[PDB]
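What follows is one structure encoded as structure tokens, with my remarks underneath.
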Amino acid sequence: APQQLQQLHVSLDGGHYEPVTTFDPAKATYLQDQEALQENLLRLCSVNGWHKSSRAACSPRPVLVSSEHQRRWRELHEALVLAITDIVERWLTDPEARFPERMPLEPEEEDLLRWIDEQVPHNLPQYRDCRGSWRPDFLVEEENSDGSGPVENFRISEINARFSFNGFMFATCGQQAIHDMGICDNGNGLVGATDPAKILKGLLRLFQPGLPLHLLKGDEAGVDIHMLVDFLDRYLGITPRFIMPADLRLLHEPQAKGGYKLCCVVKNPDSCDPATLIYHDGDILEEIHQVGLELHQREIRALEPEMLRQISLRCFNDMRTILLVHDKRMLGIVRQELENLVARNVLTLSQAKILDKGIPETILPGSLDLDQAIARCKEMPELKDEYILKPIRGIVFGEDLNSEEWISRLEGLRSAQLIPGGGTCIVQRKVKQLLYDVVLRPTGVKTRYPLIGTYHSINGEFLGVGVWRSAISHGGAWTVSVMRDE
Ligand SMILES: Nc1ncnc2c1ncn2[C@@H]1O[C@H](CO)[C@@H](O)[C@H]1O
Numbered sequence: 005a006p007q008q009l010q011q012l013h014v015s016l017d018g019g020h021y022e023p024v025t026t027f028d029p030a031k032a033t034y035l036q037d038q039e040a041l042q043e044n045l046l047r048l049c050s051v052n053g054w055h056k057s058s059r060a061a062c063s064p065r066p067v068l069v070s071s072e073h074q075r076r077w078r079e080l081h082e083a084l085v086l087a088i089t090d091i092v093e094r095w096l097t098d099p100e101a102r103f104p105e106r107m108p109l110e111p112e113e114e115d116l117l118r119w120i121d122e123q124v125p126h127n128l129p130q131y132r133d134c135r136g137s138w139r140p141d142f143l144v145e146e147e148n149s151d152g153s154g155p156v157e158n159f160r161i162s163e164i165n166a167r168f169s170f171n172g173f174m175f176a177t178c179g180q181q182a183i184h185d186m187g188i189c190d191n192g193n194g195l196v197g198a199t200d201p202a203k204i205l206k207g208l209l210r211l212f213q214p215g216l217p218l219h220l221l222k223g224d225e226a227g228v229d230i231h232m233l234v235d236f237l238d239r240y241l242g243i244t245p246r247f248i249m250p251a252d253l254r255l256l257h258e259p260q261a262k263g264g265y266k267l268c269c270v271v272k273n274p275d276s277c278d279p280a281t282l283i284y285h286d287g288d289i290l291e292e293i294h295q296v297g298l299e300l301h302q303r304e305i306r307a308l309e310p311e312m313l314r315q316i317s318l319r320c321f322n323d324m325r326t327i328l329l330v331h332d333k334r335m336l337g338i339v340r341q342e343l344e345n346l347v348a349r350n351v352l353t354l355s356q357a358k359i360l361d362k363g364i365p366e367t368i369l370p371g372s373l374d375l376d377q378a379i380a381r382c383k384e385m386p387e388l389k390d391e392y393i394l395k396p397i398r404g405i406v407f408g409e410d411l412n413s414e415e416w417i418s419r420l421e422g423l424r425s426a427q428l429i430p431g432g433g434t435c436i437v438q439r440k441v442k443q444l445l446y447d448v449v450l451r452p453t454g455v456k457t458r459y460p461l462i463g464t465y466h467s468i469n470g471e472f473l474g475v476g477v478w479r480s487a488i489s490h491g492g493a494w495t496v497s498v499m500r501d502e
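Residue numbering for the sequence shown is 5 to 149, 151 to 398, 404 to 480, 487 to 502, as defined by UniProt numbering.
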């Protein structure tokens with residue numbers, strides 16, 4: 005039988021580890037374990053950059069992952085990158101595929117994508133070269149393997166790709182802490198399942214640290230972004246400038262990228278090189294060479310169209326990542342494309358089967374799938390319990411609704427268009443998650459919860475499994497990963 009995911013207790017004075025299912029806690033020291041952990045989490049990120057909430061929700065009891073789990077995650081990722089990259093590069097250039105009619109975006113967004121296609125490859129790369137930061141989330145279900154036993158299966162529920170940093174600094178800080186504490190890598194039979202240097206170095210590849218960095222953020226409060234800015238300040242002497250949409254300016258310029266100078270207002274002008282400043286129309290400006298985006302889709306839509314094109318030439322993530330890869334419907338498009346992706350030699354046959362096992366069944370609005378769904382549920386009302394309704398741009407379970415209201419919702423999804431200024435739903439099969447023995451808080455309360463996983467990609471490269479959750489922002493306990501030393 006394959007080694008399962010499990011949470012370990014690890015003695016901080018000697019390193020002896022034991023599964024939580026089995027550990028007799030009669031003489032545990034959870035409170036002092038918690039304080040040691042929280043001190044250590046201040047190493048890469050000061051109290052300035054942390055939310056005290058999030059630093060306190062961390063658990064010194066890591067999740068044990070196996071080398072099979074790692075091979076599984078890396079393989080799913082390789083197939084995912086290949087499929088989604090091919091789809092994105094084909095979005096408007098393979099018209100017979102009808103992608104914008106199968107997954108409609110807002111019209112000013114589809115205008116933006118079409119402008120971007122006109123810039124490739126001389127002003128913007130082909131998409132394979134600028135995929136940026138993606139962070140998929142996965143759930144864990146059971147599957148009858151051949152192996153004649155139960156094996157853990159990972160289903161990607163969503164790809165987080167409009168922001169570039171969320172999750173990255175938590176994994177970096179947490180893996181570095183349990184290492185500094187000796188939980189792993191210190192001779193007790195455990196090693197860290199993710200290298201924090203690998204993760205952080207991926208982030209550093211999103212931008213050139215030689216040039217000044219701007220971070221454009223509006224209504225979003227931010228979490229990992231402030232931990233990165235803390236680490237850059239204290240360890241590298243890099244100080245990115247946060248700017249808001251209203252701070253942006255354009256100046257006419259022949260000899261410049263896209264015939265304009267993208268600028269922003271400067272709030273702290275005394276601390277700047279006076280030779281970097283422009284006094285224009287009552288504004289004190291500095292120029293923007295590279296900008297990281299932490300904006301909502303509506304905020305992006307609210308930019309003046311020329312302002313929006315000038316951001317696209319200078320921004321990470323690329324607008325194709327933010328608008329296409331982040332959208333939950335793209336998981337539906339990948340499933341539609343599997344047979345076509347093997348016909349084009351984009352996926353091997355087994356890679357298509359890996360993807361089909363790694364993405365839950367997803368029905369898109371305006372699809373024939375959604376039509377046969379409505380028919381199948383009219384002939385089998387018990388079916389609605391097996392599915393859910395996730396929003397794109404608040405999940406809704408079919409077992410929590412009457413059959414009359416369920417066919418109603420589905421009947422309203424027969425067009426693929428988006429509600430003006432809003433979105434739509436996808437219909438996804440409910441994943442039956444495994445339950446795990448866990449001790450998440452220093453209270454010592456053993457419970458039996460599911461595990462929510464995530465992993466980190468930069469420019470298509472798998473960087474490591476991310477933190478385990480059982487959202488950290490809404491209070492959730494979290495931890496990181498170890499492997500047997502064998
Ligand atoms: N396909 C799915 N089946 C069941 N729950 C889901 C699914 N997609 C998202 N979720 C919910 O969203 C959370 C993670 O986004 C899960 O823990 C679960 O509550």
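In this text, a Cβ means the ideal position worked out from N, Cα and C, and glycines have one as well.
Worksheet item: Hey, how far is the Cα of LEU9 from the Cα of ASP115?
Response: Stepping through the sequence shown from its first residue, residue 9 is reached at position 5. Stepping through the sequence shown from its first residue, residue 115 is reached at position 111. Their Cα atoms are separated by approximately 46 Å.
Worksheet item: Does DSSP put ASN345 in a helix, a strand or coil?
Response: Position 340 of the sequence shown holds residue 345. DSSP places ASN345 in helix when its eight states are reduced to three.
Worksheet entry | Closest Cα partner of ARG303 within the set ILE327, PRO140 and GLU311 | Walking along the sequence shown from the start, residue 303 turns up at place 298. From the listed residues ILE327, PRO140 and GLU311, the smallest Cα separation to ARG303 is found for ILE327.
Practice prompt. Use the C-beta contact count for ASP151: other C-beta atoms within 10 angstroms, 16 or more gives buried, fewer gives exposed.
Written response: Stepping through the sequence shown from its first residue, residue 151 is reached at position 146. Residue burial annotation: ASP151 is exposed, with fewer than 16 other C-beta atoms found within 10 angstroms of its C-beta.
Worksheet item: For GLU146, which residues from the same chain have a beta carbon less than 8 Å from its beta carbon, with the 5 sequence-adjacent residues on both sides left out?
Response: Position 142 of the sequence shown, counted from the first residue, corresponds to residue 146. Here the set comprises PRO155, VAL156, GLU157, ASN158, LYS442 and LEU444.
Worksheet item: Going by the CB atoms, is the gap between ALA166 and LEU360 shorter than 8 Å?
Response: On the sequence shown, residue 360 is found 355 positions in, with the first residue counted as 1. On the sequence shown, residue 166 is found 161 positions in, with the first residue counted as 1. No.
Practice prompt. Please go through the same chain and pick out, in chain order, the residues whose beta-carbon is closer than 8 Å to the beta-carbon of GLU311, but skip the five residues on each side of it.
Written response: Residue mapping note: residue 311 aligns to position 306 of the sequence shown, counting from 1. Answer for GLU311: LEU255 and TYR265, listed in chain order.
Worksheet item: How far does the alpha helix (DSSP H) with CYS382 in it reach, from first residue to last?
Response: Walking along the sequence shown from the start, residue 382 turns up at place 377. Per DSSP, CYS382 belongs to the alpha helix (DSSP H) from 373-384.
Practice prompt. Could you check which residue in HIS490, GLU421, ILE397 and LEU45 has the C-alpha nearest to that of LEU373?
Written response: In the sequence shown, counting from the first residue as 1, residue 373 sits at position 368. Nearest to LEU373 by alpha-carbon distance, out of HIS490, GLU421, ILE397 and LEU45, is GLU421.
Worksheet item: Among the residues of its own chain, which have a CB less than 7 Å from the CB of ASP121, if the five just before and after it don't count?
Response: Here residue 121 corresponds to residue number 117 of the sequence shown, with the count starting at 1. So the list reads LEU96 and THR97, once near-sequence residues are dropped.
Worksheet item: Would you say the beta carbon of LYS389 comes nearer than 7 Å to a heavy atom of ligand 1?
Response: Walking along the sequence shown from the start, residue 389 turns up at place 384. Every heavy atom of ligand 1 is 7 Å or more from the Cβ of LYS389, so no.
Worksheet item: Are there 16 or more other CB atoms within 10 angstroms of the CB of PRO29, so buried, or fewer, so exposed?
Response: Here residue 29 refers to the residue found at position 25 of the sequence shown. Exposed is the call here.
Item to complete: Would you check whether ligand 1 has a heavy atom nearer than 7 Å to the C-beta of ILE405?
Response: For the purposes of this step, residue 405 is taken as residue 395 along the sequence shown, with counting starting at 1. Because some heavy atom of ligand 1 lies under 7 Å away, the Cβ of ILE405 counts as near it: yes.
Worksheet item: What does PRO140 pair with, by DSSP beta-bridge criteria?
Response: The sequence position of residue 140 within the sequence shown is 136, counting from 1. Answer by DSSP bridge pairing, in chain order: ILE164.
Discussion item. Quick check for students: name the residue ranges of the beta strand (DSSP E) that lie wholly in the segment 220-263, counting only runs of 3 or more.
Written reply: Listed in chain order, the complete beta strand (DSSP E) runs (minimum 3 residues) inside the segment 220-263 are 246-248 and 253-257.
Discussion item. Taking the beta carbon of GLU414 as the centre, do at least 16 other beta carbons fall within 10 Å, making it buried, or is it exposed?
Written reply: Here residue 414 refers to the residue found at position 404 when the sequence shown is read from its first residue. Flag for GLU414 reads exposed.
Worksheet item: For ligand 1, any of its heavy atoms closer than 7 Å to the Cβ of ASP141?
Response: Position 137 of the sequence shown, counting from 1, holds the residue named residue 141. Indeed, a heavy atom of ligand 1 lies less than 7 Å from the Cβ.
Discussion item. For ligand 1, I want to know if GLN438 counts as a neighbour, meaning its beta carbon is within less than 7 Å of at least one of the ligand's heavy atoms.
Written reply: As a working note, residue 438 is residue 428 in the sequence shown. Checking the Cβ of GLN438 against ligand 1 gives yes.
Discussion item. Ligand 1 and residue 150: does the residue's C-beta get closer than 7 Å to at least one heavy atom of that ligand?
Written reply: No atoms are given for residue 150, which sits in the stretch of the chain between 149 and 151 that the model skips.
Worksheet item: Where does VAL51 land, buried or exposed, given buried means 16+ other C-beta within 10 angstroms?
Response: Taking the first residue of the sequence shown as 1, we reach residue 51 at position 47. By the neighbour-count rule (16 or more Cβ atoms within 10 Å), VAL51 is not buried but exposed.
Worksheet item: Any heavy atom of ligand 1 closer than 7 Å to the CB of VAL339?
Response: In the sequence shown, residue 339 corresponds to position 334, counting from 1. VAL339 Cβ: outside cutoff for every heavy atom of ligand 1.
Item to complete: Mind checking which residues open and close the alpha helix (DSSP H) that includes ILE305?
Response: Position 300 of the sequence shown, counted from the start, is the residue given in the question as residue 305. First-last of the alpha helix (DSSP H) with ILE305: 302-306.
Fill in: N- and C-terminal bounds of the alpha helix (DSSP H) containing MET186
Here residue 186 refers to the residue found at position 181 of the sequence shown. DSSP places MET186 outside any alpha helix (DSSP H), giving it a letter other than H or E.
Worksheet entry | Close-in-space but distant-in-sequence residues of the same chain around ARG78 (CB under 8 Å, 5 per side omitted) | For the purposes of this step, residue 78 is identified with residue 74 of the sequence shown, where counting begins at 1. Result list for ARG78: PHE472, in chain order.
Worksheet item: For the putative contact between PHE321 and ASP229, defined by C-beta atoms under 8 Å, what is the C-beta separation to the nearest angstrom?
Response: The sequence position of residue 321 within the sequence shown is 316, counting from 1. The sequence position of residue 229 within the sequence shown is 224, counting from 1. Between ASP229 and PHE321 the Cβ distance is about 15 Å, and since that is not below 8 Å, they are no contact.
Discussion item. To the nearest angstrom, how far is the alpha carbon of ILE393 from that of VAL92?
Written reply: Translated into the one-based positions of the sequence shown, residue 393 becomes position 388. Translated into the one-based positions of the sequence shown, residue 92 becomes position 88. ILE393 and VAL92: Cα-Cα distance of roughly 27 Å.
Discussion item. Any contact between the segment 57-69 and the segment 101-108? By contact I mean 3 or more CB pairs, one from each, below 8 Å.
Written reply: The segment 57-69, when compared against the segment 101-108, does not touch it at the 8 Å Cβ threshold.
Discussion item. With three or more beta-carbon pairs closer than 8 Å as the criterion, would you say the segment 67-86 touches the segment 347-361?
Written reply: In short, these stretches touch, since the Cβ pair count reaches three.
Worksheet entry | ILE293, DSSP secondary structure in three states | Position 288 of the sequence shown, counted from the first residue, corresponds to residue 293. Here DSSP, grouped into helix, strand and coil, assigns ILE293 to coil.
Discussion item. Am I right that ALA378 and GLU105 are in contact with their C-beta atoms under 8 Å? What's the rounded C-beta distance?
Written reply: Numbered from 1 along the sequence shown, position 373 holds the residue referred to as residue 378. Numbered from 1 along the sequence shown, position 101 holds the residue referred to as residue 105. About 19 Å separates the two Cβ atoms, so there is no contact after all.
Practice prompt. Put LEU450 into one of helix, strand or coil per three-state DSSP.
Written response: The residue labelled residue 450 in the question sits at position 440 within the sequence shown. In the displayed model, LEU450 falls within coil according to three-state DSSP, outside both helix and strand.
Worksheet item: Using the rule of at least 16 other Cβ atoms within 10 Å of the residue's Cβ for burial, across every protein chain shown, is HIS231 buried or exposed?
Response: Your numbering for residue 231 matches position 226 in the sequence shown. Answer is buried; the Cβ neighbour count reaches 16.
Discussion item. Given a cut-off of 8 Å on the beta-carbon distance, is the pair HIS20 and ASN193 in contact?
Written reply: Position 16 of the sequence shown, counted from the start, is the residue given in the question as residue 20. Position 188 of the sequence shown, counted from the start, is the residue given in the question as residue 193. Yes, the pair counts as a contact, with Cβ atoms nearer than the cut-off.
Worksheet item: Considering only residues of the same chain and omitting the five flanking positions on each side of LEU318, which have a CB-CB separation below 6 Å?
Response: Translated into the one-based positions of the sequence shown, residue 318 becomes position 313. Taken in chain order, the residues that qualify are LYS262 and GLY263.
Discussion item. Please return the same chain residues whose Cβ sits closer than 7 Å to the Cβ of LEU48, not counting the five positions on each side in sequence.
Written reply: If you number the sequence shown from 1, residue 48 lands on position 44. By the criterion of a C-beta distance shorter than 7 Å, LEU48 is surrounded in its chain by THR177, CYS178, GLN181 and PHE236, once the five residues flanking it on both sides are discounted.
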